[PDB]
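Undergrad: From the sequence below, what's the structure:
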Amino acid sequence: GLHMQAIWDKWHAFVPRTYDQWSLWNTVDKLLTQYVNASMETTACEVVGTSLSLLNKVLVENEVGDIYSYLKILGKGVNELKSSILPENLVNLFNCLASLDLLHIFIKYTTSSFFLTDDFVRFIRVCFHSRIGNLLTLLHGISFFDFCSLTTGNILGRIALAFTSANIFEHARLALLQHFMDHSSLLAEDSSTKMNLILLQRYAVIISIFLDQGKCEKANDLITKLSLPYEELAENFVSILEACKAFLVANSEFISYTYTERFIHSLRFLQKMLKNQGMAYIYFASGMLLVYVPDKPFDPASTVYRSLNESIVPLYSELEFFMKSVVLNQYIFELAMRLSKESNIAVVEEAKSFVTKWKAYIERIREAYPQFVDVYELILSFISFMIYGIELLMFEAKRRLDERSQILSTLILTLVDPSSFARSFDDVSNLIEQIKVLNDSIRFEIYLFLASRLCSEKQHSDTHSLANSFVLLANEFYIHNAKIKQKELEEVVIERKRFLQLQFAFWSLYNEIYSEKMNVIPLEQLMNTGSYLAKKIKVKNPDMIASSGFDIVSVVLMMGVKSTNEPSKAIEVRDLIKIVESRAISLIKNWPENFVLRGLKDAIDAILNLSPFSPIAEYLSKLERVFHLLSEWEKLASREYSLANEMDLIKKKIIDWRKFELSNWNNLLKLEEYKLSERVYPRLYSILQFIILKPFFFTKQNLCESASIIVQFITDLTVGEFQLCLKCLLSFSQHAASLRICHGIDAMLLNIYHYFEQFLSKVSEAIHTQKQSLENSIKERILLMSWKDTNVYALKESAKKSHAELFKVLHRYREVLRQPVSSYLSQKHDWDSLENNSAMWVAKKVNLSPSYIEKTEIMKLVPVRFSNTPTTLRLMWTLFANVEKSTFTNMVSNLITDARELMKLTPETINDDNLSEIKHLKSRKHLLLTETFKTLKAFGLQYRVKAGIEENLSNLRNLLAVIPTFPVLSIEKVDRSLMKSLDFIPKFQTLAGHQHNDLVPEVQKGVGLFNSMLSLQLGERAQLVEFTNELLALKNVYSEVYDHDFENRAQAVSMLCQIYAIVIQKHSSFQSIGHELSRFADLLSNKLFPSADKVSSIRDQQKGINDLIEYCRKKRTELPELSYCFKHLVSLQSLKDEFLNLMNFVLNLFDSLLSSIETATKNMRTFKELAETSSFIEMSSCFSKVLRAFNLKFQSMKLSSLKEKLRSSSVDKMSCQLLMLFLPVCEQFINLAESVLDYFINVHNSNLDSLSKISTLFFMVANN
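TA: Numbering: from 1, shown residues only. Structure as follows:
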């Protein structure tokens, strides 16, 4: 009931003029719409339709007839195209690119554009492949789909393009990827904000037309249609406010199209923008709608169509009905009210009904009444803005209604995209939490994918992140494992199959994480496996409910390309089979048989049935049945109509296939090996992970847990496992040992390994021996049949014979592995026969010290009183030199030499030497034991002591549990020897009640001296572990001695560099900046790995940071390549006095070190003197006091100077002259520290294993 006149004189589009011109319009429309039904010929037909539009606009200049014949020729061409089709499904992403096309068509062009520029090229190139009269869509020419500003996550279907012949689909998928590369930059500016600028431009047109002669307002329309979208976008708020003010000067009842501008203001200011935009669109829609809605025919009725037919009254009635629904405005307003809030479930149904019903109303308005062409045009354009408003509000509200799907959105955008793989324990907890909130095989598979990314990120050094991540991951896996166990107590079988296999994967990475050989999984393999998990996550979601995250949907389309780029022999075999199957199916479809046709039909029916990559041989069985039926219908008849050449091809293929089964049949020991591990890892997994991973929530507790642990490992008696389990315990040890939510469990695990590490080598020998037996057997058996040169028939029966032989060998291997590992944990009586002090004269290792040793005087005014750091280094080296100077080992060796000499020296016969020599020999043997234990009872080791022996004697498990391990290969030697010693200790204590066979109380005396020896040993071990932890701290202390601590940011930019390098490397004339980019990537990574010549390295590193800021910036500038544009966007986002005090402190520390070394000189020199001048105790405690030369106090003062220097500014002229004058000798102290640690360390190993050999000698004496 309003004006509607001048808009049809100011929008006032182009339209057919003559009745014959309307005939030409509709005829050309019918033709070209047929022509856009259904590669390189697509580009040809694009040129065809382009020139046809050129000629139609030429005829629109009203000189008719040339295109009557010319378009008749083009119609002959289109009809020759009509001899040529197009089935597809879920190709809606083509309609999404079409939407981006129509948006770039409308918004980026303000002038009249009669499809001249390449926007028409991209639009037609989509269009003739797109979904949906095309000239009616062209009908808004000299003038002025939507929800792909909401949810582009329908790209999931694109990866679900490749999932469920399909090679036309696959080259079409490459075509869709090609067109996506074509529509790159306009899809990469921004969606969903450009439509705001579109509403600005449309209302600019309408409100500019709302006046006629406002001069400053005419300049306002001039700048308010200023077709610089960045400049207009900067102008946005100011232009909108000025438009509000100039719109206020209009007539009354404009409050609908005034309050439009309210919501549209903050809509481009606000996540939450969607509802503001939808309200604004519905508002400005109804504003110009009720503006240009009359309650009568107000036509613009030259340049109109030839019609004195005037049922514009009836079409105005039909337009007035859908005006009637919004005429009251209760429903538009009511729908708008529903969009803001309070929508439970009914608003979704009502809104979808409104969208559909008004949509079909617009469609019928298009189809019937082509009359009122200009009228239905402007009206339906406003109504399209309305329905876009109603549905955009519907999508925002339905997202806020049931937010289950947005969980899958935040997972799926962060499961496969560069924004995820940029770079956690909080986020790992969050995504594990949301995964719990998110059939289940994929739900564990994503946990595996996050795990692999965790180990990958692990290389770039911390325990807390990787630790807690892995702990939470294993918590999930253990809960699921016991869930499957209890469910087993009562495709589900296939579900359990994938559960067990991925369980093997998870514990495989768990034994691979901290065993630390080489943990590189390639980042491209990481991302592409992310894509396989992404489309498998697509399989998991049977709904498109998830709504875009709206921060990236551009490169993530290209991740499906590299997934389609970069158990499969079934494909080629089925290809050859399908070729010959269709050949014979046609030749039988034209010459019937009525029996063999059913045969080959069911053959191709079941042959192409399965698509499994684990089932391969069943396809070989299907091909065997096909060759059987083909042999039948070949031998029946038809000397003409047979195919028979691919039959020979199938003969050769089955020949090589059975040959492949013959070769792969050698792989069977690994088969039961992996079956053994798949049954193995869950048990020790659940036990040790329960008692070592409850500790996210003492000494007696550690002892009890060690009792259960050693009970398990010794109870793990099924040989072969012990190699795997020993490796596994070392793994669980370290990869929970870096967790500081337990401390002692590390000691129990590592000692449990390193003293279950005695027995390993003989077990390995027996294992490889039985392996040799079965391998020789299999070599004979697969040698016992060859390329048979016969028997297409008897192939299966010969295979059955080999299957019997393999079954025999499998039972044999199951037996040999199923033997218990209780066997090889012992030792026996075998004669065996068994470094001083290294250094580092590191004056050249500093050597910028020699120059300032020739230079300075400002430092020389200060007296250090050391005064020759050269001669200080000489003094330290000369100290170790003279102090370079074991009797337990030495007397043990003298006794063992006498033992071998006597053992051969009375090796004579029984009766003849029993005449004389047996008496003197046996009595001398007893005298050897007597004087041995006597001089022993002198040499320390007093008998009859049990005050601290009640600890060491019982619970060999818990006695092992006390043994403190060293912090960080001589250490391995020492630990192996004394752990073997303590291994012999428990059974030797338990070895009473059979000594009189060897033939007393002195047996108890020997047992006591043995316990005393092990006690002195273990105390030496405790002091060693103490000095080890102390020097480890001090090495970290000296370890902390312009650009630093932003190296985290450097590492992150390197990570993104490598990621987007793989991305642009998936381009399939663009590879030139591919490898080039990677060059910069590697330099930054090398700098991170490094984190004097290093100052040049960091200078070059920061200069490379500048360069790779610039060498992307030109390529982002001088080339669109919009993936690299987003990457460089994230890159550029990430990118841009007390002299006496510390002097006396430091020289005090230096002299403290020098006197500490001199104290060590006195102490170990006395140890050298009182070496034999002692009895195993005095020199023992003396050496313990020698090691008790002060370290931790020196560690304290070193940390004091570390704090005093780190907080303070570093000056090369004075502060660094002293630091150079000192810190060298600190390095010297660390050097000689590790030297003495090794010297006494190997001394401990020497004396320990020497008396351990003496103890095994005593047990050998106890044998007989």
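Undergrad: tell me the secondary structure for residue 72?
TA: When classified by DSSP: H, G, I helix; E, B strand; the rest coil, residue 72 comes out as helix.
Undergrad: What ranges does this structure have for its strands?
TA: Remark: strands of the chain are absent; assignment by DSSP state E.
Undergrad: longest single helix anywhere in it?
TA: The residue-count maximum for a helix in the chain (DSSP state H) belongs to helix 1215-1263.
Undergrad: From the chain's centroid, how far away is it?
TA: Offset of helix 1215-1263 from its chain centre (CA atoms, centre = their mean, to the nearest Å): 43 Å.
Undergrad: Check stretch 469-476 too.
TA: 15 Å.
Undergrad: what's in contact with it?
TA: 424-425, 428-429, 432, 435-436, 444, 447, 450-451, 454, 506, 510, 513, 689, 693, 696, 735-736, 739 (CB atoms under 8 Å, 6 or more residues apart in numbering). C-betas here are computed from N, CA, C, even on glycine.
Undergrad: These, buried ones only, as a ChimeraX selection?
TA: Selection of buried members from those for ChimeraX, criterion 16 or more other CB atoms under 10 Å:
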select :424,428,432,435,444,447,450,451,454,506,510,513,689,693,735,736,739
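Undergrad: Neighbours of residue 991, how many?
TA: 16 (other CB atoms under 10 Å).
Undergrad: what's the answer for residue 1073, then?
TA: 18.
Undergrad: Please shift the residue numbers so they start at 41 in all later answers.
TA: Yep, numbering from 41; the last one is residue 1113 now.
Undergrad: Look up the closest residue to it, ignoring the ones flanking it.
TA: Distances taken as CB to CB, 6 or more residues apart in numbering place residue 1155 nearest to residue 1113, at 5.1 Å, with adjacent residues excluded.
Undergrad: Distance of the one you found relative to residue 756?
TA: 59 Å (CB to CB, to the nearest Å).
Undergrad: Verify the contact between residue 996 and residue 1026 for me.
TA: Yes. Counting by CB atoms under 8 Å, residue 996 touches residue 1026, with 3.7 Å between them.
Undergrad: Find the centremost residue of this structure, please.
TA: residue 493 (2.9 Å; CA atoms, centre = their mean).
Undergrad: Quick one: residues contacting it.
TA: Taking CB under 8 Å, 6+ apart as the contact definition, residue 493 lies against 461, 566.
Undergrad: what does residue 1196 give?
TA: So residue 1196 contacts 1229-1230, 1234 (CB under 8 Å, 6+ apart).
Undergrad: repeat that with 10 Å
TA: 1229-1231, 1233-1234, 1269 (CB atoms under 10 Å, 6 or more residues apart in numbering).
Undergrad: out of those, who has the most neighbours?
TA: Most surrounded of those: other CB under 10 Å gives residue 1269, at 22 neighbours.
Undergrad: For it, give me its contacts.
TA: So residue 1269 contacts 916, 1071, 1074, 1078, 1190, 1193-1194, 1196-1197, 1231, 1234, 1238 (CB under 10 Å, 6+ apart).
Undergrad: In TSV: those, plus distance to residue 878.
TA: Output for the contacts of residue 1269, formatted as TSV (distance: CB to CB, whole Å):
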residue	distance to residue 878
916	13
1071	15
1074	19
1078	19
1190	23
1193	19
1194	21
1196	20
1197	16
1231	19
1234	22
1238	23
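Undergrad: Just give me the closest of those to residue 45.
TA: Of all the contacts of residue 1269, residue 45 sits closest to residue 1078, with 90.2 Å by CB to CB.
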